[PDB]
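Notes to accompany the following structure.
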Ligand SMILES: [Ca+2]
Ligand SMILES: [Ca+2]
C-alpha cells in the first residue's frame, strides 16, 4: 500500500496546489513487473492507527500538525464524507483521483453513499458502524431490537440513516451512489487507468493537476482542479495533434488538439476524463 | 379614517430615481419571518429585529405582501381597511418603526396593494349595501340582473359560477372578478378614484418607497370587451404615476400584470414620454422557459422569449423572479398563439405535477444544488431587476398540503431549535408549522447551520449578490446573446458605456456562460470584438487567457456557469 | 333522456352474515377513512384494496363493525360529503367490485361494514342537478327546491353563516334560485317530489343488495322544508325515515340505520320513532354532548357534569341503542352540540381555555388530553363502560396525534401510522404524492408513534386498548345492561353498576388527578365477591358497612360482582 498518497492529496486540496501530490508520485521508486501499488483514501493505518511519515524524506512532515483539519483527526479513522466536511464536489474529486491515479484502488464500505462516522465509539470503531440500507428501524441492517446491535447506526441530522441510505439513493441517477457506480463503470472500460503508464503534464496553473494514462489500447487524459475557485489551464498536447478528446461520462467530442496550447476551464474542485481518440 | 400627520413620518432616503433598476428585491411575508411577541404569528417588530440579517445578505429592498386589516379569507389580498395594519402584525406606528430602521441601513420597503377590489367586510361595501342612496352607493358595481359584461371570463372558474353575486341586504347583484367576498370597486365613480389615490398618498406620506399594484388589469369594465386592459384602466394608472412624480420623486410603482410580455409593455405607458404609467412590470414567463430549457438541455426556450420581448421605455425596468405561478390567481401565464411552448408544458411530468401550486426553488429543482446555483446565476445576470423569495437563500422547501399558496409561506427556519427559532410560543400556536421532513426540515436546513462554512448555499448566495452589486452591467447594461455552436450552452454579454470616461467595475463589459445540460459541455465563442481583452473570473479574480481572433473555447461541467469581467489590455 | 345508473344484479353480492337484529347493540364500531388507512397501488391515496389487506389487524384489535365515511364519486369540495354519483365509488379508491371484495373479506371474519350516506343534498355536479338546471321541464326539474326569489323559509338559519350569505343561490343556466342548507355547491334535494323519495330509497336498496350492513343517514333533520318553521325536524322528515326503516325490516332483516342528528338528547329521541311500536325510525342515534361533559367533568374534578346529562337523557325504545364517541364536534357541520336553555354548561365551555382553543376543529383523543396516558385510559374506560354502543376513531388505539393546519376536518385524517418506515408504512409512493402528510413532530410523529412499535410490549397503548375491548366483549352488562349510578360521598369519583338479568359489573372512575377514596354502598350485593376483570383478582367480599375503594389520579377499576358459593 502506497500509504502517504491520501495525506498528500488532502494537503494538496488544502493548499490549492498540485505539488504535494506531484512530489510523492515523483519520489516513488519503480516497482517490479508483477507488482502493483494499492491506494485508498484514508490517512491512518487500521492496524496501528498511525499516519505514515518520514522525518527526513517527507517534506510535509511538520506541515500536517500545523493544519487545523489534520490536527483534529490525529489517530482516528474517518470516512471520506466527514473528512471533506460532506462537500459533494470534493467527494467526487477525491474519488476521481483514486480511480485515475496509478495502482489498484480500495473503496471502503458505505463511502459510496457518503456515510459518516461516530468518533466517540473508538478510534477504529468510528468507521465500523452498520451499513445503512434503508431508513427503516436499524437502518435495515438487522431485525433485532436496537439495544442488541453490535454498534448503533448513525443518527445525526447530516449522516443519519433517515437521510443517508442505499434505498434512498437508488432512484435518482444524480445520487452519490449512482454517480460512484458509473465512475467504476467508466474505469472498467479503459485499461489505461488500471495498468497504463503515468505521465504528468504539468501546466502553467499550479492549482490544476493534469496527467495522461496510456496503454500500447487507449490514451486517456485526466484534468483535476484542486482549487475551490474556477481555474483555466493551458495544456501542451502537441504529441496528440489531430486527436479528438472525448469526455467519457457523456461521450462528447471536444475540439481536436492542435499545435497551440489546449485550453480547458474547470469549476471549483471539478475534473474531466477525456479519451484521446485517433483522427479518421 | 385616520391621517398621516397623526403618526409621524419615517426617515427619507436621498432622492434617487433609478434605485429600482439597480436593486435586488427580497419578498418576505410579515407573518412568516420572525415572531417577537410569542403569539405564534410573525409580526412587524420581529421583522424589524431581523433587519441586520437582511442587510448582511445584501438585498436592497423588502417586498411585503399585503399586511392590512383583513378577514384573511383570501390570504389577506381581501383588504378590509386600507389605513389599518392587521392587529396580529402590530400598529401603523410599528410599521413606521420598521421603515425608519430599514432606511437607516439603506434598505427600502415596497408593499402589495390590491386596487381592483376590497373585502365585503370593508366599511365602504357595508355602507354601499345598507345605504344605497348614501355616499357609498356607487362605490361598487351594482346591477339588477347578472347579464352585464358577459364577455368577461370567470377567473376562478371552479369556485365561482358567476361574476355577479346577489347581495341580500341591498337586493342587487354586485360585480367581482375574484371571489364572491371580494367585490370590485367602481372606478367609473370619480370619488372612488380619489379615495384610492388618498390610500396611496397615506402610505407614501408615512415614507414607504413604493407599491406593487395588484389586479390592475381588471379595474375598469366595458361592454363588448373582456374587461381587461381597457384604455381607461391605463388612464388611471397614469394619474398614479403623475401623483408619484409630482409629490414624491424617487418612489416606484410595480405592476402585477399576469400577461404575455407583448401585452404588459403597455403598462409602462406612452414610450414617447419615456414612460408615464408603471416603472416596473413582471416578466412572468421567464422562469417557465428557463425551467423547460434546462429540461430539454437546449438554450432556445430562453432565447425565444428574450428575442420576442418588445423594448420598454427609458425609465422602465423589467422585474424577474424564479417562480411559475402568479401569487394572486395561482395561474401560470401563457398565450395560446404567441407561446410556442403552449402545449409542451402540460406534457412535461415535472411541470404537470405542480400546476396551480406555489413551490420554492429548491423543491422545484429536486434539491439539486448545482441547479439551484445555475437558476440563481441566471436570475442575477439576465436583464431586469431580480426578486428573491425568502428562505430560498438557505434552500428551504415547502409543504404542499397546507394550501396552493400557503405551501411557500411556512416559518423562516432560523435555527434547529424548537419552532426553528421562529417563535417562543408552543408549537400548536404557530400560524403554520415549520418543515419537518428529512430533506428540508428545520433540523437540517436553517440559517444558523449555514452561517459557518463559506461553502453553504446561504454564503454562496450572499456572495453572488456581492459580485452582482460590483458590476452595473448586470443591472442596467445592454444584453447581446452570443449564441455559439453548442445548443446546450447559453452565452451572452452585458455591457455599460464609458460615461464621460473611466475604466473601473463601473463601465464594464461582462461575459456570462451558462451550461443548461447536465453533462459537461464545450463551447466555442466568437469574442473577436474584444480581441486583446483579458477575461477575469469574478468569484476568484482569476485571469484567463486573452481573447484572440480564433474562437474562444470554454468548457463547463454539468449545470455549471462562469462570470467573466472583460478587462482592457494595458496601454 | 333520464339518468342511467347501474343495477344491483350487475355485480356480485357479498357473503351474508347470519341474521341477528341486536348485533349493533353489542358491537364496538371503528370509524376508518378509506383514503387514510392503507395504500396498495402506490398512488399515495388509501384505497379499498388496501383496507382489505389490513382487515387482519382490524380483526386482531377486536372491533366488530367498520364505519366508513363517504367514498362515493365526488368533486371533494366538501370532504366527499358532496356526492356526485351514488352508484359509483370514487375512482381513486377503486370500483364497486372492490367494495364487494372488501365486504366479503370482512364478513368472512365476522366484521360488519356501515357507511355514511348523505340524504339531504347532492353535489351540484350530480347528473340530476345538471338535468334539473338544463331541462327545467324535464323529469328532474322538480328534483331540487327551486324559486324565483330568495324569500322563502326565512326562519331557517344559515348553517355556515361565515361562508354562505344566503340559503338561496342563483343558478345562471336555469335563471332561478336553488335551496341549500349547506354550501352553495350542495343543492338540497326536493323531498316533496315523490320521485325523489323513490330515487333515494333505490340508492339505499342498491348498497343493501350488495350486502352492506347499514348506513349512517347524514343531515336528515334538514330534508323537508316548511313555511313558518326553522325547517328542522319536521313531521314529514320523520315520516320518510319511517319508510326507510320499514324497507329495512321488510327486505333485509338485521341491518341497521344510524341517525346523524346533531341535537340535544331530548330532541334526538324523536328519531328512534314511535315508542309504542318499540321503534319505527332509526335504530341508533348519537349522544353528542357526552364527550364535552366528560371532558369538563375531568377539568372540574367533579362527577356531576357527567351525571347530569345521563339523568336528563330521556328513555329510548326497546330496539333502540345510543351511539357514543369521544369527540366534541360533529364531522358534518364542525359544530359542538349545545342548547342554550337545556344545557347548564352552556356559558361554561367558552370560558375554559382548553375548550376555547379547539372550537370548530376535530382533534384526536391523545392531543385533546395533552397526551396524558392515564387520562387516555380513563376516557377510553368510560367510553366502553357507559350505556350505548361505542365508536373508536382510527389511530386512537396507538395514540396518534393530529395536524390542525391541514384543515378543521382534515386534521384527524392523516395517514395511519403503521411503521417507522418511509411514509409511516402507509404507501410506497414518493412523499410528495401522498394525499396528506404523516405526523412528523417529536411527540406524535410516525418515528415514535406507530403500530409496529407498539405490537411488542403488552404495556403499550395499542395492546392495552385491545385488551379492554377483549374484557368488554366478555360481559354483556356493558353492552345492553341497566345503568344505575351509585353516587358516593366524594364528588370527584363517578361510580356506577351495569347489570343483566348474566353479570352485575361495578365501575369506579376517579375524575381527579390526585388519589381519591370513595365509600360506596353495595349492601344489595352483600356476600358477593368483587373480582377485578383485568387481573381476575378477588377483592374482599361486600358487607353491610360502606365499601372503601382507593384510586390513583385518573384511575379506574372494573369489578365483576360474583355470587357467594
Ligand atoms: Ca373592477
Ligand atoms: Ca332539504
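What follows draws every value from the coordinates through simple rules; no lab data is involved. Using ideal geometry, Cβ is built from the backbone for each residue, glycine included, and neighbour counts are taken over all protein chains shown.
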Using alpha-carbon pairs under 8 Å, 6+ residues apart, how would you state the relative contact order of chain B in percent?
12 percent
In degrees between 0 and 90, to the nearest 10, how far off the longest principal axis of chain B does helix B:369-381 point, with axes built from Cα atoms?
80 degrees
Give the relative contact order (percent, whole number) for the range B:98-219; include only Cα pairs under 8 Å separated by 6+ residues.
35 percent
Is there a simple number for the mean count of other chain Cβ atoms within 10 Å of the Cβ of residues in C:258-266, and what is it?
0
Nearest 10, in degrees from 0 to 90: the angle of helix B:286-296 to the longest Cα principal axis of chain B is 50 degrees
Between 0 and 90°, nearest 10: helix B:457-468 axis offset from chain B longest Cα axis
80 degrees
Under 19 Å from a label point 7 Å along Cα→Cβ of residue A:229: give me every residue in the range A:2-35 with its amide N that close.
A:12-19
Gap separating the Cα centres of the range B:501-571 and the range A:219-280, nearest whole Å:
19 Å
Linear extension gain, residue B:505 paired with residue B:123, 0.36 nm per residue minus alpha-carbon span:
132.1 nm
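Provide the FRET efficiency to the nearest 0.05 for the residue C:130-residue B:353 pair, computing r from the beta carbons and using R0 = 22 Å.
Values: r = 30 Å, r/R0 = 1.38.
The value I calculate is 0.10.
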For the protein assembly as shown, what proportion of DSSP beta bridges, expressed in % and rounded to the nearest 5, is antiparallel?
65 percent
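Would you please give the FRET efficiency between residue B:243 and residue C:448, computed as 1/(1 + (r/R0)^6) with r the Cβ-Cβ distance and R0 = 51 Å, to the nearest 0.05? It would help to have the intermediate numbers written out before the result.
Details: r = 59 Å, r/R0 = 1.16.
Approximately 0.30, to the nearest 0.05.
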With 5 Å bins from zero, work out the P(r) of the range B:477-571 over every alpha carbon pair and list the percent per bin.
3, 13, 23, 26, 19, 10, 4, 1, 0
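Quick check on packing: order C:245-253, B:260-268 by the mean number of other C-beta atoms within 10 Å, highest mean leading.
B:260-268, C:245-253
Efficiency by 1/(1 + (r/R0)^6): what FRET value for residue B:52 and residue B:5, r their Cβ-Cβ distance, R0 = 30 Å, to the nearest 0.05?
Details: r = 31 Å, r/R0 = 1.02.
Efficiency computed from Cβ-Cβ geometry: 0.45.
Relative contact order for the range B:117-186: what is it in percent, counting Cα pairs under 8 Å that are at least 6 residues apart? Could you put the intermediate results ahead of the total?
Numbers: 113 pairs, mean separation 26.1, N = 70.
It rounds to 37 percent for the range B:117-186.
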Work out the mean other chain Cβ neighbour count within 10 Å for the residues of B:159-166 and drop it here as an integer.
4
Take the alpha-carbon centre of the range B:335-361, take the same for the range C:294-344, and report the distance between them in whole Å.
52 Å
Return the whole-Å distance between the Cα centroid of the range A:88-142 and the Cα centroid of the range C:170-193.
66 Å
